[PDB]
4 protein chains.
Amino acid sequence: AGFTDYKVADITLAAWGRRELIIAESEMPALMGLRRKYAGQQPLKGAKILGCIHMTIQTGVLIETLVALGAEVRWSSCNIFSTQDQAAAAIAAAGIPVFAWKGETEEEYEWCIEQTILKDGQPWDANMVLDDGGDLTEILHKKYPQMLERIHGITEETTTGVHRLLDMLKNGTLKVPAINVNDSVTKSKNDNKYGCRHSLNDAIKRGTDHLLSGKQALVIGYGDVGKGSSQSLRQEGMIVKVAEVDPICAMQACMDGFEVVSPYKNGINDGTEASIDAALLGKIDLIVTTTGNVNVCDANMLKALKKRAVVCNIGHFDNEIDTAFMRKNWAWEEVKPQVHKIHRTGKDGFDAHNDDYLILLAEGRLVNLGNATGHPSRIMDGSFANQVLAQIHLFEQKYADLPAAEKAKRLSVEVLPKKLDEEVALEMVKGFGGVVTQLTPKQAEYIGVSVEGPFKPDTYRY
Amino acid sequence: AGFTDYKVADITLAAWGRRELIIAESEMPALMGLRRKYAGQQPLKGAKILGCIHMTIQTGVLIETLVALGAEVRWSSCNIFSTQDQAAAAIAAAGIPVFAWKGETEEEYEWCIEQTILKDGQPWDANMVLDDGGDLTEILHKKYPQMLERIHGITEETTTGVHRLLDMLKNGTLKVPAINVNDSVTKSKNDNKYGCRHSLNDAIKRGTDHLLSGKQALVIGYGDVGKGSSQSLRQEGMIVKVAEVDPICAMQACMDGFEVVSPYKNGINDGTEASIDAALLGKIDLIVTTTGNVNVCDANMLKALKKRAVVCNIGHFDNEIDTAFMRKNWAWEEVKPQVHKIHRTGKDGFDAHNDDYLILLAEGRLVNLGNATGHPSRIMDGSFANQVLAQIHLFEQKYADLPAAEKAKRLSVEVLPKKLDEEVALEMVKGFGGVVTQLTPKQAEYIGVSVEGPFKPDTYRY
Amino acid sequence: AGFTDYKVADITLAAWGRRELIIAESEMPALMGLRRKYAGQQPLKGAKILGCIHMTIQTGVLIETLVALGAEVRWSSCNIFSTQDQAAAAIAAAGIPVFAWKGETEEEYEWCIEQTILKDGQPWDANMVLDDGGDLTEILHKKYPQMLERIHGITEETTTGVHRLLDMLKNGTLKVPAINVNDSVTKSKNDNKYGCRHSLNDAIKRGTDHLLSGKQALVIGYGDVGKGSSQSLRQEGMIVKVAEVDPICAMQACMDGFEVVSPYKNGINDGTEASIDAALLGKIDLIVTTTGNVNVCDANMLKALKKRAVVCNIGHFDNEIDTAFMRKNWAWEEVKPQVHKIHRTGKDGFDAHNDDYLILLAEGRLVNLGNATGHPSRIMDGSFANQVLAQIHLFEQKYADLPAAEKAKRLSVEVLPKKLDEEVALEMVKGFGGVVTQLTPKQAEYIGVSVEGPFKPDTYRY
Amino acid sequence: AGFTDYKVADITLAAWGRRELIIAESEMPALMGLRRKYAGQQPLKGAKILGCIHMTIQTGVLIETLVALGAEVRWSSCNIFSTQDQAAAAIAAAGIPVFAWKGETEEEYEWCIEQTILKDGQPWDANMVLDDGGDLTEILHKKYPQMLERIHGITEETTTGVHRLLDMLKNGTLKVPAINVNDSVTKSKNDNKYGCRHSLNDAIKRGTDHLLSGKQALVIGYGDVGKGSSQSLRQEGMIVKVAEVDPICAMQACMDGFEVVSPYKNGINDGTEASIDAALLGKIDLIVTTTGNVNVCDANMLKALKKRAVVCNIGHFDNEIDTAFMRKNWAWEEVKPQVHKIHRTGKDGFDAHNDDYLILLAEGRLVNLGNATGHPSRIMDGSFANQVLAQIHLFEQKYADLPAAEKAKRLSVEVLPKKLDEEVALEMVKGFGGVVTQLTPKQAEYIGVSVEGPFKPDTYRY
Ligand SMILES: NC(=O)c1ccc[n+]([C@@H]2O[C@H](COP(=O)([O-])OP(=O)(O)OC[C@H]3O[C@@H](n4cnc5c(N)ncnc54)[C@H](O)[C@@H]3O)[C@@H](O)[C@H]2O)c1
Ligand SMILES: NC(=O)c1ccc[n+]([C@@H]2O[C@H](COP(=O)([O-])OP(=O)(O)OC[C@H]3O[C@@H](n4cnc5c(N)ncnc54)[C@H](O)[C@@H]3O)[C@@H](O)[C@H]2O)c1
Ligand SMILES: NC(=O)c1ccc[n+]([C@@H]2O[C@H](COP(=O)([O-])OP(=O)(O)OC[C@H]3O[C@@H](n4cnc5c(N)ncnc54)[C@H](O)[C@@H]3O)[C@@H](O)[C@H]2O)c1
Ligand SMILES: NC(=O)c1ccc[n+]([C@@H]2O[C@H](COP(=O)([O-])OP(=O)(O)OC[C@H]3O[C@@H](n4cnc5c(N)ncnc54)[C@H](O)[C@@H]3O)[C@@H](O)[C@H]2O)c1
Ligand SMILES: Nc1ncnc2[nH]cnc12
Ligand SMILES: Nc1ncnc2[nH]cnc12
Ligand SMILES: [K+]
Ligand SMILES: [K+]
Ligand SMILES: [K+]
Ligand SMILES: [K+]
């Protein structure tokens, strides 16, 4: 009962967090099916996992699934605003080291990751990594390279983090093999698209309580997150316009019934105020960045936006919006946590009744997790069942224990095989009460598949 | 001008067809852009293309683009009901050999393909093949192998035809290389999905004029065609249920807001009447097959359907529905072309006032093309720009002229490169008036792409 | 068998029309329930009904219901393009006088109405009137006032016709009592709104085969027809803008997720070209008029529309669009019946390849009936069950047989009582397989209604 | 300033509340337009308003508009869970008597109303009443008749309160005239419908964070609230079924694309368990009551619901659900405020891991206000502009000062005139940036209206 190896906002929130974990378990059949399937086998016995992912109720169910399969863990959040304090409390109260609270400073964010890496002031004997966005992976490679000599693999959650892993692999700087969890269909579709459909409008309502119907939105990007975000707004009755640099994604937006526009005249972002389509931006009530890119809602765009427009970002990092420009030039009036009016009158105080402001959500950080609770349990079930399978695979592979010759042929970034992707999906469908049909032998022969799958070639896009 | 090398329903429909071709050209900017870009170069000069694809207005613009780039062609439809007679007439009146009419018998269908293959009773000097579904490809391999010796390639339109090509490649029986046109994103995720969204409800309305809002539909399959078909019906207000054998596609259906059901109890299709979920099928007003598989709307399902339900197929071939069972056992009352009441009372004549019938559309053949006009020009623009690019590529490669050892290195089924897919998409977006944004050099570096694209890795699923 | 008292396009279409009538009966449970309920009673024995309403399959079922209840009728269509020739043929072949074909001239339209009014060159002994739009009503009042001395009532179908009846009543020129069928909920909602949702996109697809998704629409008006029309387009993925003069209707459009715009700068229609919002009109691909008003798509709007935009009208009369201006100034190229390219280059012939044209559907007449088949049977069931009830009521009232004192207290325009409106709706719900719940006595007492209804006060708006 | 005449949860929330009021003012152009138009005239100078309506931010803007026009007020909430504590704090900190907090007991709820009625232990000098649901109106009639002698009128917000007023009028017990604010179009067809569309899914997400897409809902009722509620869930991807006793509303549900079902076999609610459609209720994941009626989600329905279904009510009063049965028989586990697991195992404690529970939101009280923030400011703008106009009208009429014979002529429940309804709507449309078109004199004559409106007859249903 003398557990002290944690730091959370308020340990007394634990009972509430535990009640929400018990509900979440009932919403996560793929993940809880893995718990039941592998509990006796203990496939993660001896695993010591450094985890860095949004400390939500859903991540709590992931953590306790890893522990139930035999692992020890040390946990932090991968964003300063995404922790649910009741989830962090419930995990700490169960005797699991977690360093996470909603509303960390940047210094506290780094300190939290460091508290997972170090145990009693010395490097923990970690041997597995679970990451979301690549921050823990980067810190280990830059600051604790000796620890990577003992680590069998990294399982990376998100599009931005995979990009960072691939840059390291191309540069010969990745030191351990990784699984790209993002690119399972039961992750990328379910989480990146459907999760944002549920949680974007949720976060905007909680932050502002604004009517969305009848108002004008601009969604920057139309990848998986942009697709789900645009739907989140369109289904509420917003008039949604979409920006894109990828003409295939822009084609999908047109065919999906959106008008495709650019913030810049003729799409040319030459850096001048003259290039901004001021007429377009002057009619926009809400802008949402979804790109994983840098400065896609720039200073000149922010200057041109309609008065009282809402500005938010649902991509991984806040630099999608030039919030640095806003910090330098405009006065911030906090409405409530994660909601700020940015007064474009200047930086020297503000007029509480000034009409020329923007509303920035979550200080430009991931808005669904910052102003609401991120994706719902039944969606995160897919992503996190993938994470568990990937942790099992890399931990059983034992890369750190292999001779150097075996290591060279295994230093890669891989995806989960389609058969496992299908098995996760089947458990998700059953959670809805859906009934999948079984092919007859003649039908399986006719289309050239096994009755048990996989049902599509690896090239299939769904 | 003394041209007689054609067979169509009614040559006097040519002027109407030509008016619709001129409209369609204005709806097909990618295809007409290729005409403008390549007309001076004449990249298909010397090409002699056997074409087998639905003889619609959209196919007319494809044909005339190939001719405009230097090709000569001989053309037939790939389905007995999909020709638009005014399109066939306009092509024949332009001096282009075409053998196609709406409402062919099976014998006439085979004769029409044979009239493209033979000219003046002897093999035409063909050197290229454009196919949709693989029927012409199969006839050439089985009956005209000497002609394949001089053919440089096949460009195949559709999922079913690609499967047939891959079976041949794996068995060592494919004799010329092929391009899988289906799997461009501007084909598969445009034509297969959005095309069916436009044209399924269109065909049902033309065939029956039934209100769809408030009625119950069952869509068999949730691949690209099943996704577009379900949306076609849901957007009209149908209550849509979806069946699937692929749990990933079933998961998408659930997350897209559909109830996932099986015609069989617990999904087990064991051939007994007892396996049919009679309560489910007894409530269905419309069943649509979308699978490319065999007997997915089987005899026992047809016996169990609600009285007066509509039965149709939008997959390539009619054997998705057991129409043979219906021909053997039940009396067919033609309402009008491509609309039959199937009287479940028996086969010995019918009672015009019997209440126990099903309405079968297009005798189970592709319903969008059989009962309406298939996909609209602005969607087919994508598929057919891909076709032209693929014809240019295989014709310029000149496989038939290669030595045996070089043929061996090039005998493959390939897809178009992503850069070309993006260039097609860009023209389509411009056709909507969409404006694609250009990355700055810093943004392109940040995400690791060229400013000119491609913007996604080949693994990206959109 | 010597029946000659009719004029239709082609009597040989009768068997096809009869097959479609038999299907339509199965889609019209309220109307066929009235047939079964009242057949023995013959409540319309002795009725001699002049009917003027779109001679569609649905009107055929109405006609034969009146006849089955004892009436004699003489029928014409209320629009030159709305007849379905197979329906007119089936009615004529059954021995019922009908004068109607698709594609009448204005002179033929008037001649057809006159052939119902006259029998053997003399006024028919008509005693009831069923009208849609008020043309027959107007002709009787202006040209055959003596016939109105024998007529017990008029049952008027549509919003425009009711307006005309109310003007006559206010002016003391209406000569017989009328029932406003339009304002039953089972008419106005079902027909005016839902019918247009089904049939507007249907007609545009049949006329043009244009992709609608991703394109820009302007719907003029947001009453019942404008609401249904906007939904017909939005559900196809159009980007729909709405114009209105009624701020309450405009508020609904905003809340329904549409941008509300005016063709005129600041909404001020001063008659000058300068007042046109040329930037707005230059981006519109489709304009649909829904108002029942005059010149809502005027000459200056037509001049400013985007090249190749589609122009159509779904209100009752063609004068919603200034087609007279187009006839005077621009060359018309017929694509096919009810589809014309209007070449804005001038009136002296046209260039078949000119890019500066508009596509006008149905020459500006009701587009759903002109280019498709109007509303579906299951929707028209509501409107036409109301018509039958209203004919029974007015015929049984016997206004023409009353003393002058009784006539004065009965010269009114009335609606059907709510209890009958509910009974029609119940039969419609049952046709969908819907199950209405029965209030318990305690619940009925709690909300202050009878268990049998009516369930709402007459002020309720639904 | 020494003000103590209030009771709120926490006065230190005032500054947050004031920030949200200032935002809400920018979202409420009709209400703020009334403030600007009437501030100089002071039409409510001398008004002393007892107000009983949900103490939200939106109600704060209403209160301060009344005060800005000259009124003094004493305020309470009309529901124990609907107060936003920061709104109550901001109003109290402005020196306005308010007695309201989120989470009142029933005794506290009654005490709060009593603190508005009494000032310093004696009747306040009230002369106007603003009510939502009729509780304050009932207390005044039953317990404070002498106070009603000096009250000029009641302005009643909601359907349930209007029903109570009409019952009193019919029984001869209503003592002062009333305005039915509910039945303005800018109230009923804005607040009742669109408000629930925004706020129902909002409350469910905040209370449970459940994914809604792909799950089964049953909405009891399809009036204004039921229509908006069904849309709230359907737009999230729920499979929504609708129950109704009114066949017209049921017909609308069918035509809007919903399956219409009854909890009872054949719709017969005879009080036996055998009458429950157990198969139907066993598949429902969420039930929402919308009726204003009693016991529409009864004890037998609650016993039959699928395990872990969510149960909630968005009608005015909690007796739509038999929560009394649940309090008597089943154990309640509080998850967090306004979220309880109802364990169907029995009442003698509960098992935290029991799978057989229902999730009840807001203890069966109005869920949008109990678990979220009710309707958004831009929707409440309409309702509350109507409230202000109604207060001005009844206060200026001065009923309490009239002689008995004149009171008799004015004792009524009336609605606001259409012209005012349109003027409210126009301000709302301008708030979206919408542009209403002005009729030309010829067009106004053609349809029989004034250029200034009203544009529709009083019978028009929108
Ligand atoms: N908040 C969440 O819950 C959540 C969930 C999943 C992923 N993410 C993050 O969201 C981001 C996007 O992820 P994704 O999976 O959608 O990636 P994606 O690659 O599928 O899509 C990003 C899109 O942005 C477009 N884009 C890039 N630069 C642009 C610019 N300047 N203007 C317009 N469009 C531009 C690209 O063309 C691409 O289609 C990543 O940072 C990812 O880590 C967040
Ligand atoms: N009519 C058209 O215009 C049109 C357009 C494109 C393609 N097609 C044809 O439609 C068919 C489908 O093409 P696609 O691109 O959608 O292929 P696809 O592979 O994307 O989808 C077919 C789906 O059917 C499912 N399926 C197979 N057997 C099943 C069964 N017994 N029950 C339920 N689901 C089952 C598969 O799991 C798969 O997801 C092919 O024949 C293709 O050639 C028609
Ligand atoms: N084609 C069909 O099947 C069909 C069906 C029903 C009715 N109708 C006809 O459609 C028309 C409309 O009927 P409705 O029932 O919708 O009537 P409605 O009164 O409910 O709606 C007409 C709307 O037009 C608006 N309007 C008038 N002038 C306008 C202008 N200049 N600009 C913009 N908006 C303007 C009005 O404000 C009103 O809301 C009538 O002519 C009716 O007879 C046609
Ligand atoms: N929560 C909110 O923000 C909010 C907003 C407006 C009104 N309300 C309240 O919601 C309730 C409904 O208001 P409304 O304006 O929609 O009223 P309404 O009269 O328009 O609709 C109620 C509907 O319930 C139906 N109904 C009655 N008993 C039924 C039963 N046993 N089963 C099924 N259907 C049944 C009626 O037929 C009717 O159509 C009222 O109590 C009102 O005060 C709440
Ligand atoms: N609820 C959630 N938990 C963890 N990671 C997430 N990413 C998005 N939503 C999430
Ligand atoms: N199908 C139809 N028949 C008759 N009148 C109509 N009005 C609209 N559609 C109609
Ligand atoms: K969550
Ligand atoms: K077509
Ligand atoms: K029809
Ligand atoms: K609110």
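Numbers on residues come from counting from 1 along each chain's written sequence, not from the entry itself, and any residue without coordinates is not displayed. Each chain takes a letter, starting from A, and each ligand takes a number, starting from 1, following the order in which they are written. The basis for every side-chain value is the complete set of heavy atoms in the structure, and neither hydrogens nor water enter the calculation.

Going by the annotation in the PDB entry, the name recorded for chain A is Adenosylhomocysteinase, with Pseudomonas aeruginosa PAO1 given as the source organism. Here chain A is described in UniProt, under the heading Function, as follows: "May play a key role in the regulation of the intracellular concentration of adenosylhomocysteine." UniProt positions are given in the numbering used here, feature names are shortened, and annotations may be inferred rather than shown by experiment.

J.: Would you explain the environment of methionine 32 of chain D in this entry?
T.: Residues and elements named next belong to chain D. Structurally, the position occupied by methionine 32 is in helix α2 (residues 29-38). Remark: the alpha-carbon pair of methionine 32 and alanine 385, spanning 353 residues in sequence, is separated by 8.5 Å. The contact definition used throughout considers only heavy atoms, calling two residues in contact when any of these lie within 4.5 Å. In contact with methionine 32, other than residues within four places in its own chain, are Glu25 and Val61. The helix count covers DSSP runs of H or I at least four residues long, the strand count covers runs of E at least two residues long, and both are numbered beginning at the N terminus.

J.: Would you mind showing me how to read the coordination of the potassium ion (ligand 8) here?
T.: Six octahedral donors around a metal ideally sit at 90 or 180 degrees from one another, while four tetrahedral donors ideally sit at 109.5 degrees. Residues and elements named next belong to chain B. Ligation of the potassium ion (ligand 8) by protein atoms is provided by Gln58 (OE1), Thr373 (O), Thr373 (OG1) and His375 (O), these donors lying 2.7 to 3.2 Å from the ion. Here the coordinating atoms are restricted to nitrogen, oxygen and sulfur within 2.8 Å of the metal centre, or 3.2 Å for Na, K and Ca, and because water is not among them the sites may look incomplete. Counting the intervening residues between successive donors of the potassium ion (ligand 8) yields the motif Q-x314-T-x1-H. Taken together, the residues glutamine 58 in helix α3 (residues 57-68) and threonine 373 in the loop between α15 (367-371) and α16 (377-397) connect sequence positions 315 residues apart. As far as the burial class goes, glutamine 58 and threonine 373 line up, both buried. Between buried and exposed lies partly exposed: a residue is buried under 20% and exposed over 50% of the maximum accessible area for its type, with that area taken using a 1.4 Å probe on protein chains only.

J.: I'm lost on the domain arrangement of chain A in this one. Help?
T.: Interface size is commonly expressed as the accessible surface area that is lost when the partners come together. Residue and element names in this part refer to chain A. What the domain assignment reports for chain A is domain 1 (3-193 + 375-434) and domain 2 (194-374). For every domain, the bounds stem from an assignment made automatically or drawn from a database. One C-alpha centre belongs to domain 1, the other to domain 2; they are set 30 Å apart. Listed as interface residues are 26 residues of domain 1 and, on the opposing side, 24 residues of domain 2. Buried area between domain 1 and domain 2, summed over both chains or domains, comes out near 1,900 Å², and the portion from carbon and sulfur atoms is 60%. Note on definitions: buried area is the accessible-area loss of two parts on being combined, 1.4 Å probe, summed for both.

J.: When you look at the coordination of the potassium ion (ligand 7) in this model, what are you seeing that I'm missing?
T.: Residue and element names in this part refer to chain A. Taken together, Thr373 (O), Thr373 (OG1) and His375 (O) make up the full set of protein donors to the potassium ion (ligand 7), lying 2.7 to 2.9 Å away. Its relative accessible area of 11% is what places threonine 373 among the buried residues. Relative accessible area serves as the criterion here: at 10%, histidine 375 is assigned to the buried category.

J.: Even after reading the chapter, I still don't get the pattern of salt bridges, so can you show me in this structure?
T.: Between side chains of opposite charge, a pair can form when the charged atoms approach closely. All names here are of chain B. Note on definitions: salt bridges are taken to be side-chain nitrogens of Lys or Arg within 4 Å of carboxyl oxygens of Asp or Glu. Here the structure, examined in full by the defined rule, presents 102 salt bridges over all chains. The partner of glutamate 427 in a salt bridge is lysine 430, with the nearest N and O atoms 3.8 Å apart. A residue pair is termed a helical-turn pair when its members lie 3 or 4 positions apart in one helix, as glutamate 427 and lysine 430 do in helix α18 (residues 418-431) at three residues. Overall, the relative accessible area of 30% leaves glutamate 427 in the partly exposed class.

J.: Explain the relation of the copies chain A and chain C to me, please; I cannot follow it from the model alone.
T.: Two chain copies here: they are related by a rotation about an axis and a translation along the same axis. Rotating chain A by 180° and translating it 0.0 Å along the rotation axis places it on chain C, where the RMSD comes to 0.0 Å. Between the two chains, the operation in question is that of a two-fold axis. Judged by C-alpha distance, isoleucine 239 of chain A is the residue of chain A that lies nearest the rotation axis, at 4.2 Å. The overlap is high: 100% of the interface residues of chain A also sit at the interface in chain C, so the same surface is used on both sides. The superposition method for the copies is least squares, with the C-alpha atoms as the fitted set.

J.: Would you take a moment to explain the pairing of strand β2 (residues 72-76) of chain D for this structure?
T.: Along any regular strand, the residues point their side chains to alternate faces of the sheet. Residue and element names in this part refer to chain D. Most of β2 sits inside the fold, with four of its five residues counted as buried. Sheet analysis places strand β1 (residues 48-52) next to β2, joined by five bridges and oriented parallel. Counted as the bridge partner of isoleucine 49 is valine 73 from β2. Crossover handedness is defined by viewing with both strands directed away from the observer: a clockwise path from the first strand over the helix to the second marks the crossover as right-handed. At this point the chain moves from β1, through helix α3 (residues 57-68), to the parallel β2, and the crossover so formed is right-handed. As paired elements, β2 and strand β3 (residues 98-99) share two bridges and run parallel to each other. From the neighbouring strand, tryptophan 75 faces β3, where its bridge partner is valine 98. Any two strands between which DSSP finds at least two bridges are classified as paired.

J.: In this structure, what is going on with the interface of chain A and chain C? I would like to understand it.
T.: Taken together, the contact pairs 12 residues of chain A with 12 residues of chain C. With both sides pooled, the region where chain A packs onto chain C buries about 820 Å², and carbon together with sulfur makes up 57% of that total. We define a polar contact as two N or O atoms separated by no more than 3.5 Å, with the added condition that, inside protein, one atom must be a possible hydrogen donor and the other a possible acceptor, whereas residues neighbouring each other in sequence contribute only through side-chain atom pairs. Taken together, chain A and chain C are joined by two residue pairs in polar contact. Each residue belonging to the side of chain A that touches chain C can be placed in one class, and the counts come to five nonpolar, five polar and two charged. Three residue categories are used. Nonpolar comprises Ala, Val, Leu, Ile, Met, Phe, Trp, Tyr, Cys and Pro, charged comprises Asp, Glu, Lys and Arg, and polar comprises the others, including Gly.

J.: Would you explain the relation of the copies chain B and chain A in this entry?
T.: At an RMSD of 0.1 Å, chain B and chain A line up after a rotation of 180° and a shift of 0.0 Å along the axis. Interface overlap between copies: 99% of the residues of chain B at the interface are likewise at the interface in chain A, consistent with a symmetric, same-surface contact.

J.: Looking at this structure, I do not really get the side chain of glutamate 64 of chain A. What am I missing?
T.: Residues and elements named next belong to chain A. With respect to the secondary-structure elements, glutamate 64 resides in helix α3 (residues 57-68). Residue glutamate 64 is classed as buried on the basis of its relative accessible area, which comes to 12%. In contact with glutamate 64, not counting residues within four places along its chain, are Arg18, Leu21, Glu25, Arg35, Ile91, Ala94 and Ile96.

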